[PDB]
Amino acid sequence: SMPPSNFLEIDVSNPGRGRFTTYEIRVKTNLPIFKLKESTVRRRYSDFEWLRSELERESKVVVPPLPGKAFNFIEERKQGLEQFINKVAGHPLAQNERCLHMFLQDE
């Protein structure tokens, strides 16, 4: 894939305990492949792990690193999660995958 002049912004932000800790993930885009041009979802660390495994199973994408589970601290982790999901979602191979869209939009 080679996409047209487009934008894709994904933000990871805090606004639970342990396994219930979640991150708000906000997507703004004009890319037609996405069902919604603006969205918010709530995801856990483990959903990022899940995404990485789906992608290794179903694609040729080389998935960037994840920052480490929690088990200073939280803000480094957020920034890691944000780099990760932007690189992946930027990848036109990952854009083609049902797992990325489920992760990003519930769609």
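Throughout, we count residues from 1 along the sequence that is shown.
Engineer: Quick check on the record: how many residues from the deposited sequence are absent from the model between residue 71 and residue 72 (none, 1 to 3, 4 to 9, 10 or more)?
Structural biologist: Unresolved stretch here: 10 or more residues.
Engineer: What number of deposited residues lacks coordinates in the span between residue 15 and residue 16: none, 1 to 3, 4 to 9, or 10 or more?
Structural biologist: Count of unmodelled residues in between: 4 to 9.
Engineer: Between 95-103 and 21-29, which has the larger average Cα B-factor in the PDB entry?
Structural biologist: Looking at the record's C-alpha B-factors, the answer is 95-103.
Engineer: Using only C-alpha atoms and the B-factors in the entry, which stretch averages higher, 49-57 or 75-83?
Structural biologist: Higher of the two, by average CA B-factor, is 75-83.
Engineer: Split the chain's modelled residues into thirds by Cα B-factor; is residue 62 in the lowest, middle or highest one?
Structural biologist: For residue 62, the deposited C-alpha B-factor lands in the highest third.
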